Structure formats: C-alpha cells, structure tokens
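Here is the structure we will look at, set down as structure tokens.
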Amino acid sequence: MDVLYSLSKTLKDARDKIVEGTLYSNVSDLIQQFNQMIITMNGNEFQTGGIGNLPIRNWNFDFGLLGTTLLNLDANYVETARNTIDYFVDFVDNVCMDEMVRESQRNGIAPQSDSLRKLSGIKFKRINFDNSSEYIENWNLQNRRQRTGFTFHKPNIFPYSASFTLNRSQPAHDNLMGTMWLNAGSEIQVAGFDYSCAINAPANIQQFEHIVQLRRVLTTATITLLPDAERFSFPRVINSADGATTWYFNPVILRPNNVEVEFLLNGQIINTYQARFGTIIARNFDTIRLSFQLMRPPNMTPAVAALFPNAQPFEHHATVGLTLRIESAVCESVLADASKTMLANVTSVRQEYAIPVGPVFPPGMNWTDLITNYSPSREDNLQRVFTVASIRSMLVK
Amino acid sequence: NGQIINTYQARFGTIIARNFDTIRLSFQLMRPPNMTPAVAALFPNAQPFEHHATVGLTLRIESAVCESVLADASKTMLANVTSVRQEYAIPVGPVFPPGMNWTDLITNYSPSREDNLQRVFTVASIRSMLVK
Amino acid sequence: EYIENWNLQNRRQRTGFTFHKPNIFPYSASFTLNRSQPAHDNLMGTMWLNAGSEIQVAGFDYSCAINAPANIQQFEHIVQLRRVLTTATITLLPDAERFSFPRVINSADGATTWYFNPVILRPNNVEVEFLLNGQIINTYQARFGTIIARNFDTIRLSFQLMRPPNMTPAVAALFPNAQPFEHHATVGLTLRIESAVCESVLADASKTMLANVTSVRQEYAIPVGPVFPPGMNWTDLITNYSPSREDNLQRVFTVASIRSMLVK
Amino acid sequence: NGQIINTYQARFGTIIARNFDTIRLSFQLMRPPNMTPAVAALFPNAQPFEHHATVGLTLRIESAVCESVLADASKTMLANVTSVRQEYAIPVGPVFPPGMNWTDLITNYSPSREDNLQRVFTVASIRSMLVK
Amino acid sequence: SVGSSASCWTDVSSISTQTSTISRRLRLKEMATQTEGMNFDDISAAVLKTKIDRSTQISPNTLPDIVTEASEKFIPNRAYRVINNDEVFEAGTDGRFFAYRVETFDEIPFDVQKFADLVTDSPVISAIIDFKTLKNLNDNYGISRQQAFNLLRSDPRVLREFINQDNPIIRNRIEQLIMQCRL
Amino acid sequence: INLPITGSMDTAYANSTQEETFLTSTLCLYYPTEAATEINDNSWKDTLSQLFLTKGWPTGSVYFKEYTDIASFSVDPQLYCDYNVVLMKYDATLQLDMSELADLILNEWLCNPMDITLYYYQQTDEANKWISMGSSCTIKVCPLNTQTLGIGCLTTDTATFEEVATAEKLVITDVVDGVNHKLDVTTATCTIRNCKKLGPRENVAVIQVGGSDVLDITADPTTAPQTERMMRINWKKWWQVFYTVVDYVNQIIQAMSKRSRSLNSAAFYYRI
Amino acid sequence: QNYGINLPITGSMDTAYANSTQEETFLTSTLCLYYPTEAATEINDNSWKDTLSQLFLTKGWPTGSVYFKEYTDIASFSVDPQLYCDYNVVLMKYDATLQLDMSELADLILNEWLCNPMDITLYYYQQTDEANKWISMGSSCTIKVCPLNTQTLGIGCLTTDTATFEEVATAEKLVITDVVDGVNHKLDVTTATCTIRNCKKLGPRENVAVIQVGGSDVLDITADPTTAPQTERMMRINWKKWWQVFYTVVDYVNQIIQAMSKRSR
Amino acid sequence: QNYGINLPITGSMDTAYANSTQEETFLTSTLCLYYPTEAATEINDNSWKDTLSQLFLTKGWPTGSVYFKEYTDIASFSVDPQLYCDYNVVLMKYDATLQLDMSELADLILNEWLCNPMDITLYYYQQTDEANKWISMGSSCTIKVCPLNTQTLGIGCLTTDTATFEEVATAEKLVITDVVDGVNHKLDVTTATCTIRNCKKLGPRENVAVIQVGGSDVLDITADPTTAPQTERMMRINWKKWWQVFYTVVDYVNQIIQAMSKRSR
Amino acid sequence: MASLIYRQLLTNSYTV
Ligand SMILES: *[C@@H]1O[C@H](CO)[C@@H](O)[C@H](O)[C@H]1NC(C)=O
Ligand SMILES: *[C@@H]1O[C@H](CO)[C@@H](O)[C@H](O)[C@H]1NC(C)=O
Ligand SMILES: *[C@@H]1O[C@H](CO)[C@@H](O)[C@H](O)[C@H]1NC(C)=O
Ligand SMILES: [Ca+2]
Ligand SMILES: [Ca+2]
Ligand SMILES: [Ca+2]
Ligand SMILES: [Ca+2]
Ligand SMILES: [Ca+2]
Ligand SMILES: [Ca+2]
Ligand SMILES: [Ca+2]
Ligand SMILES: [Ca+2]
Ligand SMILES: [Ca+2]
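Chains as they are written, first to last, in the entry's author numbering: chain A, 1 to 397; chain P, 266 to 397; chain W, 134 to 397; chain Z, 266 to 397; chain R, 583 to 594, 606 to 776; chain H, 55 to 326; chain F, 51 to 315; chain V, 51 to 315; chain G, 1 to 16.
Pasting the structure below:
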C-alpha cells in the first residue's frame, strides 16, 4: 500500500511539476524518484482483473529513463513524460479498482488483488517517497501500533434509526407517555411526549432519558445542542409496535427544564453539561445520556389552560425536544463523513462492475448495516478500501 | 439520459449515486386500513377535511464530484468575485447576469457562462492563495 | 494558515482566516413583544434564535394587521457582530422552522405563560442590509438562494406581514375581525453563513482546535484565569470579544494547530 | 454481523462453526397427534395443567480458536494471576473488577480490559514457565 | 448478609439494588449522629424552619403531620460516600454507585463486599457535593488539594466560600436540593 | 403490565382487522320502546340482521335489547357485549338524567359501598363522586366541621339538610372535596356507592337521536368535551335512523375500541 | 381553453398577492336573498326593498344587482328550490318540529347533487356508496321500502302486499333517504304528487349561504352520524327584530361573500 | 403501565426471597365469607359476627375488612351470584339431590367466564370449541333443544312442534348446557323467568374458595368426563356442628389465603 | 444539630 501511495503521489507531482519551461533545479529529486521507479518496474509483468465485469488486463512495463542533461524542459521531454504517466495512471486506477472490489475475513489488512501482494515485495520497496496523507499515516501508525487518529467533519456514525418507546400505552392510544427519537448521520433528534402533561405524576414532573451507545469511541468532538426538535413538532399519524393499528400525535412544545447531557465512556463519565445550550465539547466518549423533564406550568393563562384539561380527551400533547449534532470529531478508526468521497468511489465501483456480495461487507455497502456491526474484520477491510480509494482519488477524482 | 443508473426501494439514511443527470422520487399515500378513534375522527368521508394527509421527503447532497465548476459551502471563489465586482462597481457584462445571482446563473449554464465561471473561479482561487 | 497570520500580524499586514460555517453568533434564543397584555391574547412582536452560523427569526402578529395601516405590519431584526467579516457566503430562505409549530412560553418576569399557534405566510417587501460602520454595504430585496456579503459589521433583516386581501372561506375563518384570534400569523426567515473570511480567529464546524484546547484544560483541571471564562463556554467567550481574549485565543488556537499536526 | 454463516437443521452430535458472533437456537414443541391413554391423561383440555411440556437443548463448546484471550479448563495463567493478587492483597485497579471475577470481567470485555488481560496472562505464562 | 457477617446495617443490577437498600438505612446513619457532613435531614429541617415562619397557613391542628410529611418527603433520593485510603466509594437510593480516587478523579469498579464492610463501621458522609458535580467542577473550575479534601469532607466553610464565589456547578446542585425540599 | 413497549417507523401497515372483528365480536343495540311502537312489526330484528349480514356482521352476532325509558335504563345498566350502541332521545326535562347516564356508561368506575348510619364519608379528588341508583333516590346532605358539627344545617333535623336530589332514579353527586358530609337517603329503595372514575369505557357509543349536543361528561364546567363515540342525529322516523346506523356502523366501530381493563358484566367495577 | 378536461397546473411561492377582487366582484356579480313572509309582515313597509338596496349601494353593490325573493314557509321553499344567482343567501327560522326538514334543506342546497331519474314500477334500485341517496320532492310524499334478498324475495315484507313495507316517510314535502348500501329495495311512492330522483353527492355548493335566525346549531348535513360538521356558510344569529337582522346582514355582507365562493361548473 | 397488551417478561435466579406479604395484604385487602342459614339457625347468637371479627383481629385482618353474607340455599345463591370482594370463601352442604346443581355452581364461580347474550327467538346457535357453553339462571328454567342438519331442518325434532324437542332442564334455577360442538341448535326457553347467556370458559378465578362441609368429593368442575380434577381451592370437611367449622376456618385462614391468589383481570 | 432536633423530639417522646 505504501508503494501504491508512492506511485500515486509521484505521478501527481509529475503531472503538476513537470511542465514546459520549468527548471530542473526544482524537479531533480522527482526525476530521480521516477527513474528509480522505472528501473524497479521495468521487466515485471502484472495482471489485473477477473472478478465480475472488471476486464482482465496484463501490464508489461518496458519504458525508458529521463535524461538529466537539460536545464529547461521542452515538449520533446514533457511528451514522453505524459505518455508514461498516462500508462502508470490507468495502471494504478485498475489496481485500486481490483483492490476496492476484493474482500477477505482472514487477514483483511494483508494485501488482496495479488498484483498488489507482488508490489508489496521487497524488490519494490525502493519506491517509497513520502507517507504524508492522513490515511497512509494512520496506516503506518497502526502497523507500528501507536495512538492514531482520523479527523472527521459531520461523521456518519449513527445508523438511521427512527423509533419510540411507550412507558404507558393503551389500545386506543389516548393517554400516552414515552419518547420518540430519530438518530441519523451525525444528528440525534429526541422528543419526550406526555398526553396528560403530568397532571397525575408526582410534583407535576415527568422524567425522560435516552441512552445512545456508539460502536466506536470518539474524541475532541464539537457538538451543537439545541432545544425544540423540529421533526417531532407537528401533527403525525404513527402505527403501533406490532403494526396492527394507528394513533395520532398532536405535539405542543415546552422548554426542556433540568436538562442534563452526560458523555460517558464504558460506563465512566467523562463530560457533563447541565442546561448549557449551543456549542459544547466532548473530549472522550462512547456513550451519550440525554435526560430531560416535563414540568407542568403552574401559572397558566386561560387559552393555554384550555389545552391541558383534567380529563382523558387531551387533544394537545405536551412535548420536550432536543436536537444534537456532531460538527467535528476525531476517531481512532475509519468512518464516513459529509466531506470525503472515498465511500462513494468504493460503492460506485462496486455498483458499476457488478461485484457479488462478499463475506465481510453487506450487499450494496449500506452504511446502516455496515455500522451496526463494526467487527475488526469489517473495520480493517473498510480502512483498506477507503485508503486505496483516497489514493485513487488523488489521481482521478 | 433516461437510462437507469441507481434505484433505492424503501431505504433511508446515507446512500450513494455513481452517475446521474436526473432524480425521480416516487412515493405513495396509503390510507391506514386500521385506525383508532382519535385518528379516524380526522379523516371523514366528506369535503370539510380539517386535516390534510401529507407525505414528505428530504434529500440533501453532502458530497459530490462534477466535471464542471460550481459553488459550495466551503470555498470562497464566488464570494471573492462578487465582492470585487460590488466594490469596484463593474458594469453588467454580456455574459454574467446582473449582480451574479447564483440562481439565475445556474438556471442558464450555457458553455460560454461555464467557461467564464471556470476562468473567474480559477483566478479567484489564485488571488485567495495570496490575499485571503 | 495560523502561523502565517501570526507572522503577518507581528509584521502588521492584512491577515485572514477562512472559515466554513463559523460559530460567530453566541447562542441567543429570545423574543420581543411590542404590544402585550397580561392575558396575552393580542400580541405583536418578533422572536429569534441566533446560534453558531444560523439565525432563525420570525415576526408574529396575532391580529394579522387588521388594525394596522394598509393591512401591513413591519418587523425588523438587527444583529451587531463582534468582529468584521469579509467575502461571506450566506444562504437565506423563508419559512423558519423552530418558530413554526405550537408553543407554550413563559413571560419575561416568568409570572405567567401564553400560547402561540403560528400560521406561516411569506415575507413581502423583504430587505436585507449588510452594513459596516452604519454604512449600508450590501442590499438584497426579495432575493433568495445563495448571496454574498463583501464586508459588514451589522445585519438588518426587515420584513412585513401583509393581510391577504382576497381570502377563501377556510383561511378567512382563521383571521376574524375580533380579539380571540385563535391562529397567529407569522413570517419566518432562516439565514445561514456557510463560507466566510475574518481578520480575527473564531470557531467553525471544520476545525477541532477549540475542542483540543477545552479537552486539554478539562483533562488537566486548570483553574480559571482572568481572561478566559470557566470551561471556555464559546457563548460567554464570543459575547465579549475583547482584544486580550482575541489574542490569547489566537495564541492557544495556533499552538493547538501545531500540536494537532503531531498528535491527533 | 447478522449475516448467517452456518445452519444445522435436525442434526445432533458433533458439529462445527467456522466463524460466528451470534448463535440462534430455534426449536418447537409439537403436540403428539396420536397419544396413548397414559400420556393423554397428562395433557387435558383444561387450564389446571399439572404436567408442563418441555423441550431442551444442551450445547457445549469443546474446542475453539479466538483472536482474543479468555479462560479455559486447560491453562493456569488466570489462576496464577488471581492467586498472586489475593495473596499480596492488591487494591482493585481502574480496569479489572474486584477479585477478578471472570463473570463481571467478561460481561464488559472493553479493549482496555482485553489488552491488560492479555499482558497479565502473557507474563503469568512467562512466570509459570519457571515457577509452577 | 453481604460482608463479614450479619450487622443489620447491611441487610439485603443486583449491586445497584443492594446499594439503594443500604442507603435506605444510611438515612438512619444520618439521623443517628453517625455522620460527618451537612447531614441532609439538617438541610431539610432548615428549609422547614425557613418555610413555616413565612407561610401564612400555620395552625395548632395544622403543623402536626406537616412536620412529619416534611421529614418524610424532603429529599427522597439522597446519596452518601465512604473514604478509605484515599478511595471514595459512593452510593445512592437512586441505584447509582461511583468509586473514585480523591486526588485524580477517575472511576473504578465499585468494590461491593468491601464498601459494605466499610460503611458499616467507618463514618459515612453525605453527597451534597456528589461525584457528578464534583467532576464537572474539577474540570471547569480547577481545584486545589485542600479545597477538594474539604469538599469531600463536606465542610460548610469551603461550601459557603464557593457559594460566594458564585460557582453555577454548585448553585445548580443546591437549587436541586431546594426543589427536592418541596413537600 | 408495567414493562415498556418499543417499536419502529419502518414497519408497514398490516391488513384490515375489519371484516374479522365482526366475525369474532358481537354488537348490541339499545333502542326505546317508542321505536318498536312506531314500527309496529315483529320481524324487524331479523330484517336488520339480514341487512348486517351484507356489511359483514353474521347472524348470531347482532342483538337488540329494549328499554322502556331513559331512567329505567339508567337503573343498573347491564351492558355485557363486545360492542354497545345506545340510541337516546332528547328531552329538556331529562337533560341532566341523560347526561348522568352518559357519565356512567361512557366512563369506567371503581365503586366502594357506603354505610351511612354508622359512618360519615368524604371525597378526595375531582373524580371521586357518589352515584345512587334505584326507584327514587331522595338524597339530602349536611356538611360538617372538624369537630363533627353542622354548617348551615342541623345534624338531627333532616328538614334542615341540603336536598341535592328530589325523586331521581339515577343521581351523581359531586360535593366539596376535603370535607365530611352526613347523608340522609332512602336506603330502602336506593343504594349509593362512592365511585372513582377510571379511564373511559371505549366499548359503548351514545347516539343523541334529537336536539343539539348538550351532554357534559366532565362535571367541571370548563371542558365540556365531545368524545368520539357520541353521535347526533335528527329524526322524524325510526326506520331511517336504523338504516343510517347500519349504513354507517363501520365508522361507529372504528370510533369504538374493545376494553382493556377486564371482563365484567356491570357498568362499573366493584372492589368493595 | 380545454374544457371538460382536468390537467396539472403549476405555480410558485415568490409571487406577491394581487389586488382585492372585492369592490369589483360586487359590480360584476349578482346577489339574491331569501327571506320569510314573517319578515315582511313584521316590517309592514312597501319600500324596504329599495331602502336595503340604497344601503347596499354604500357597501358597493349597485341597484339592479341585488334581489329579494320571498318564501311562504320552509317546506314550501324546500319543494323545488331554483337557486340561480351568482350569490345566494337564505334566512332560515328555527323550529324544533322542523329540525329534519330544515337539515334536509341544508344538505340539499349547501351541496351540489347529480340526479338521475327513477322508475319505481319498472326497476328495482339500490345504493352503491355513502353518497348515493334518494331525494324526493313534492307536496306530500309517503314513501315505503321493502329490502330484498339475493333471489328477489322479501325480507320482513312481501313484494305484493304494500302494507307489509316499511314506512320511512309519512306526508313530507322533502325527503333525503339513505338506506343500506349493497341491497335492492322495492319502493312504493305516491308518484302522482311527488317525484323521486337517485342523486349522488358531489363537492359542496359554495354559492349559497344559510343563516339560522334562531336557536342553537343543529344542522347535520352529513348523513353519517359521526361527523356532525358545521361549515363556513352555515351561520347563526339571535334575533328579536327583522330590521335588526337585515341591518346585521347588510353591515356584514362582505364577510358572507368572503365565506362564499362562486361555482366552478 | 401499559394496558391491554402482552409483553415478554424477564427475571433471574439470583434474587432473594422478599419478606412475607401476609399481615400486609390482610390489611390492604378484604375478606368475604358465605354461610348457610342453617348455621345461624343452629347458633341463635346475635354477636357471632363481631366475635369472629375479633378473632380474625388476632390473625391479622382488621375489623372493617371482613364481611359475612348469608344465603338461604345453594340454588337461591346460584341465582345471579354477584361476588365482589378480594378474598371470597363459600361454605357448601352436601346433598345428593343437589350434586349437579352444586357442581354447576362450582364450575360457575371457580372459573372466569366471558359471556355474550343470546336471542333464542331469531338465531340458531352452535358451540365452536369444547369451552363454549350456555349458562342459564333464573327462578325456574325449562330448556328444550333441537339440533339441525345441513339444510336447516331438525334431527328428531320439529321446528314448529316444540313438544318434539329434547328436554335438558326441568325446573332448575341454574343450568350449564354443553351440546355437540359444530351443529346449529334451536332453543325453547321460558325467557320471562330465566335468562340464558352464551359463555366461554377462561382461566380459573383464583379469588373464590369452595368448602364442601359434608360428604365425599363429587364436584366435577370440568365438563369433559375425563379429568374429574380436584383443585387447590376446593376443600372438604366433616362436620357435626358449625362453631367448630368457623373456628377451623379462622385458625386455617392463612392456608386459605395461601391457596388463593388475587385476580388477574 | 438540625437533625439533633429530630433526635431530641424522639428523646422527649416519653413526655407525650
Ligand atoms: C394483505 O392484503 C394483500 C393485498 O390484498 C394480500 O396480498 C395479502 O395476502 C394480505 N395479507 C394476508 C396475511 O393475507
Ligand atoms: C393594487 O394595489 C396597489 C397598492 O394599493 C396600487 O398601487 C395599484 O394601483 C393597485 N392595482 C390597480 C390595478 O389599481
Ligand atoms: C422482612 O424481615 C427481615 C428480617 O427480620 C427484615 O429485615 C425486613 O425489614 C422485613 N421486611 C420488611 C418490609 O419489613
Ligand atoms: Ca338524575
Ligand atoms: Ca340548612
Ligand atoms: Ca368532587
Ligand atoms: Ca323531511
Ligand atoms: Ca347510503
Ligand atoms: Ca314489514
Ligand atoms: Ca342445575
Ligand atoms: Ca324428539
Ligand atoms: Ca360442548
């Protein structure tokens, strides 16, 4: 993988630096690297493809080196350079495809797409130029095990889950008490609802709690916590648990009182915020505990008191909501985001070349079913394919 | 171009689209065959209809890749261009609309406007690499 | 970027930090009533949530301008920024969301509550003015979508609520000619700054420097100093953005970037 | 990960499982359609039901291969460790539960606990290679 | 009897259950003179004496069983702690337990069958300054060794010094104690 | 069951339970003798059953139970069916009687008996009332003070009590909640029980055959609710009424819902 | 300009509200009130019509756009009402003994019906859905119906002995009969005096406005007993003088014409 | 606090046995004995009730929680038995002439029935499963049944000549009828004096305890002649007096309340 | 102290 990232980076820096009129004083080292790479590749015969609709290609490198006599580069030099770089580019592209389309449970870190296993050999290690990018850097760190990190903006770590929980239900669904929540992407929108407004509850107060449990720990996360969850704040018709019948939900928003948000880590509390709204921080956490309360307003006006009667009809249901978004984060493992295209490149290649379902990834790489079970095999294969996909995007976006 | 590329049936959340010039969202409103009193009372068999049954769908594009240039929520080139023109009071031109309103600039993406937009965004990136 | 701007400042010149969704608005959720009552049955006023990069403002009249002249009711919201911005990219849409559903709000002094049943109309005669030193710099009249603001220290959002002169039976049954007014006409406006540039330093949704700093301080139990507030709450840190705070914040953010370039 | 790996239908005795995180044992209780008097006297058509029909299953994992470290009926590393701790009266640490009770130690097999358990098992093996 | 042997001071998650059951007698440790700190029933009685001198509705037939409803329904949920070799073991009637070190706040597995042997005979302390708020404070308002030891010991001097230093992470807890002293 | 429920929003709507709830439930109409008299037929019940058989309700599922009058029905309504429909006429004299009938059948009550001669009872909350049934309940009440003495009344002189009910077959007395009252009642004819109102009885359905909606279920004069299973018709005959009922019975049963509390043949739960 | 067809139409949300059609619709439309003989009797004036027209003139309606059309009684009006005016208003007196009659009048005028003929003697008719009803007009209708089984026999009646039939109407000037939907009925009517039509109920008529001059709202437009609605053009007033009633109507005519909307057909 | 649902339950085997509920349920519940007039006759004491209440006071039950409710005879008690308490005990005398009557009484009160009404005149009913029975009460019932064939004709009986029917009851106050399940039956009953309800048998009523004060156990609760069960709350006693019986009940009430369990419905 | 008042009430219970 190191040699593949090296090929990609030197080809990028060749397409960028090697241009007519430029000066050999600026590209001497790059030309030395390129010539060493040609010397290493020339004579070897690679083969790529043979899965799904991926065509089978046989690469045979017989190239010539680049002179060092000139000072300024002429078209007679840039043209040979481009004729070579296009070949190496399509070769690296087909290798990254053949590696994004293969999986394995045993030794997912270890190279697949046997051409790449060959490239991993010791006669090919003379091409390493710089392992700078975040992905290859964390790769080398995991190989030489150390405290790693991937920095994410709006990470897709919550699987799409829209669901409720009813602590007091009936067949008619006329006096309900419970909590609804939608956890999707990087956002959680929770809302505790009481159809009675806590006329019967001790002290006219009803508690609500929602415990999220991430599959991978996060650090240095910046979070935006606001009240009055929007999507659970208008009329709704929902079905029952067993889908037999339906019920109505006419919410009326009140403000969360005595709100407490606790970011824990394997039962250990790490961060806690009591009624702080807006931008907040969490330095290390695996579990989130959002707790809020619904307190009957003691001082009511006529119009509002007409909405919370002392009997069962209850045509307005008191609600208490909360939105929470994870704007940035840092994770020891790989995920998906709203910024980087690696996931999309992988899934597009798979959809295009008609890759059957494998033993590790589910069909179509649905991020819900791929984040609900983040077993080390899946994690390693995901890191591998995302890394090589970033490598491929460094050349062909 | 009328041919199908990707199809998603009853999937929600994060999804991928490898190549597409057209989006088609087709959904249905299916009356609940089982209904409680509170909800049955809202959908009567005659015209008054004080509750109107709705079915919605949000669709955001988080990340993407394009063979042409556009504007984003992360890059400053378009703001730089517009601010330069506003500051130095440039007369309206034969190509770009008045004020460079992105709505009417993308509503007509003629190749001339595409090329001019690429050019100005390029030199704006260049100028922002020096004076941000 | 940080060290370049630092060296620039030291060798004084025109600096700039480029931001994506900057957190320049401290969290402020609050209302303002220009006609009130103890019973709270005929109310006119405006509400706003200014948080991070977004402003969600909503002007409400309970009587739908039936008594106002020309069946029109004005609304104006002024936001004064603590530090100038340049080349800002803004997305302005109508029909704000978090002030578009029923609500039960306590009053200012908190001695009673009132109900709020909104019904959304569109802003007419809308006018957004991005001003600098009181000088109007950019103006936008009924332009939605994605707009620009080249330099501004103040935002003035002005909009109107116009009673529909031609009403159908249904909608006319909502705006009667008497005081009960069981549906309150509203007009909302969402405005999110997506890209921006600033001579000073702030927080974003793209960089973790603030979280690095806060996490260091929480981990090592640092007593609160004279400059930064307790826990480094961005609200009370961007509510009074004194030059001392700006300088200490630039310094810690710069060394946080430095550290993050080694350990993540 | 919710994907099936192995499935055995009506096979008893010795079986294999190549890779698995979840086990689902689904059986049925089928009333005997043809019943002798002695057994018909036990399943009457009324609520008392003085005999309760049952259906059981024993499943013993004899051998296995795990990417992580656990306890067995073959090796003494865990016994060595817990005995050293119970002898030299060590206060409970921030990772291992009190007394190193395997139940509360495997109920939450956190990566920290896994790493520390591997380390102490390794050094316990190293010590038992000299002083058993 | 979990522990050494039968005491009747420890008579019974299973852990959380046992701890709540033991805390329903640590309330009696509180009103048996076997405490060291602000002794929550004391706060309850102070609220009582501050309310029954203001309330217009006070009468001879009326105060009887109001004193008792107060003593019974003031601060229903309340937590306690025990210190041993610089290791605090907490407990609460709400089924929550927290073990942690004094100097460096970091949790630990809660050592049951030792917490009981210690709370039985060693003195107990009250959770006015309970671990959650204590850690929030040690994070935001960085704290010194003596101040932290005195807050563990529940000293009214340092308590009032923080309350005059206007620490919201303690003001909120005290307001919660008031709102629990509600009747 | 105090345990919690859970669910989801991706699940799909299951098939219709209508056309099977008819097969595995029963329906029971409660009509007035005036209807039978106006009709002057004998096989109208078989006619309605053969009509129901098209809407799905089988032969041996529909039932018709006559009641001579509103008060006669109010006296110990023995509703025992899986679906109960009641047709009730409008009468400004019987307004309160047929509001109390509504308050009794629509709602589920937990009733404790009363011993007046030996004890003196009070009320606790806004839903604990005293319901007296029988041929003629003439109730008088005298509130008392902390030291068992009368307030504006004399504990001996029944003629000084406050007469809340004069010759009424069904009375639902709500008095001030907190004070002890002494009661004088015609125990030889009427029995009076202290009943707390539980959640609503979703098994019954009232139909005001006449004037405007006047029924005030909730005794507090602030709600004045109009529940789902409380319909209103205008009439000049009864055949048209029954045809309307049959034609729109699916809506009635969609507004009703089988009980949850328990099986019981009375209009109120008895737990001593 | 494609008549008889319904095609998708589009719009937007950026446009601004146009001017007020009011103060021009008055000039370009016509009004038609229906008052009872009792009103003109109480008034006892010969120029009250021109007086009200001069008053309307101040509200905008010109002289020869408004019309007054008396009616002797509620049933005599219900019998073949011919409401052909671009804006119709009706003043209706409350009477406990006329509740069903003045609810059927409402359900007949407030709603727009599509009526087909009905040959009792020759055919046997049924209903299909909850909006197919049998509307019978005339001076005195006496309707009787016998439902039938699958094999064209009787159910609680005999198809030859008319006395065995079930009496749903008895000397009524207007009936709107709804029967069970999915069975065949054999009918007997006094067709010399009354005409019966099989009418389907379409969307409502927004061109007529009913005003109940007396008691509480009782009008149950919906045959289904569950809804019991109250639309926007079913108003209510309390009264002691018809001059006061007419002055109210004139002073609040604009709200009425806003609650009413011209026909689409 | 969910009602009308059935949810899975969970538990464990490490939990300890909690303290005893006796001497708290004795206070927070109610007890109701049912005795025969023969006992009060043999006794001739106006204070035996307060005596037994003061004796229960020692066993834990307070004074105002116990009730004695007389009944003249087994049949007069079987007629509409309205049992509403928290723990019910019934004393029952043995009489071979009343074996089936006092077995029907047992099968009625011991079990919990879901009872719908019956319209003999119109409908012809049938039993679906082995637990749907027809129970009739009243002062004196006379029931006669006729099964039917596939084509709605009788089988050894005539749908007109009632006399041809088969007589299952003869002047009985309580009857429980189980007939062949799967054939339509017609009934003749003197409905003036008796009411018949179609009931389905559900899980037992754990609130009542029958005590046969006399001869051997004959009560066959279940109608199938294969089980003949003897349940926990079905007791037997030998007697020559009644004071001794009541002292036995008082001394062994805790055993009775241990053999009984409060209702589930 | 403020709990000592409860302990004192309990102590002086004999005076009731
Ligand atoms: C539910 O209805 C559909 C459509 O009529 C039918 O295909 C399906 O079989 C029904 N469900 C069952 C369980 O029969
Ligand atoms: C519509 O109203 C505006 C504002 O009152 C007025 O200027 C305009 O002239 C009106 N339109 C016409 C056609 O008169
Ligand atoms: C049950 O008995 C034990 C042993 O005497 C006692 O500790 C416990 O408090 C008792 N239970 C109750 C609820 O009093
Ligand atoms: Ca009455
Ligand atoms: Ca008096
Ligand atoms: Ca009361
Ligand atoms: Ca009529
Ligand atoms: Ca019909
Ligand atoms: Ca007939
Ligand atoms: Ca018998
Ligand atoms: Ca025979
Ligand atoms: Ca049978």
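For every residue, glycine included, the Cβ atom is placed at its ideal position computed from N, Cα and C.
A distance filter of 6 Å between CB atoms and the heavy atoms of ligand 3 selects the following residues in sequence order: R:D593, V:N69.
Cβ-Cβ distances below 8 Å link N670 (chain R) to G685, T686, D687, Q773 in the same chain, with the five nearest sequence neighbours on each side left out; the list follows chain order. With respect to chain H, the C-beta atom of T272 (chain A) has no partner C-beta closer than 8 Å. Fewer than three Cβ pairs drawn from the segment 355 to 367 of chain W and the segment 113 to 133 of chain A lie within less than 8 Å of each other, which leaves the two stretches out of contact.
Taking the C-beta atoms as reference points, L141 (chain F) is found no nearer than 8 Å to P58 (chain F). Neighbours of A221 (chain W) in chain P, taken as residues whose beta carbon is under 8 Å from its own, are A344 in chain order.
When the Cα atoms are used, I226 (chain F) and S186 (chain F) turn out to be separated by approximately 6 Å. Within its own chain, the residues whose Cβ lies closer than 6 Å to the Cβ of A156 (chain V), once the five positions on either side in sequence are excluded, are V260, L269, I271, listed in chain order. The beta carbon of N731 (chain R) falls within 8 Å of a beta carbon belonging to chain W, placing the residue at that interface. Between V252 (chain W) and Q274 (chain W) the beta-carbon gap is near 25 Å, outside 8 Å, which marks them as no contact. Taken in chain order, the whole beta strand (DSSP E) runs of length 3 or more contained in the segment 72 to 110 of chain F are 81 to 84.
For the segment 103 to 152 of chain V, the full-length beta strand (DSSP E) segments reaching 3 residues or more read 116 to 121, 137 to 142 along the chain. In the structure shown, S328 (chain W) adopts extended strand secondary structure according to DSSP, grouped into three states.
Straight-line spacing of the CA atoms in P254 (chain V) and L160 (chain V) works out to 6 Å. Partner residues in the beta bridge of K183 (chain F), as assigned by DSSP, are F:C249. For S13 (chain G), no Cβ of chain R is located within less than 8 Å of the residue's own Cβ. Counting only residues of its own chain and dropping the five nearest sequence neighbours on each side, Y174 (chain H) has a CB closer than 6 Å to the CB of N234, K236.
Taking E180 (chain F) as reference, the option from F:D211, F:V116, F:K250 with the minimal CA-CA separation is F:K250.
Taking 8 Å as the cut-off, the Cβ atoms of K109 (chain F) and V300 (chain F) count as close. Contact with chain G is absent for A709 (chain R), since none of that chain's Cβ atoms lies less than 8 Å from the residue's Cβ.
Residues of the same chain with a CB within less than 6 Å of the CB of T287 (chain W), apart from the 5 flanking positions on each side, are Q213, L264 in chain order.
Residue-level contact by beta carbon holds for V300 (chain H) and chain F, with a gap shorter than 8 Å.
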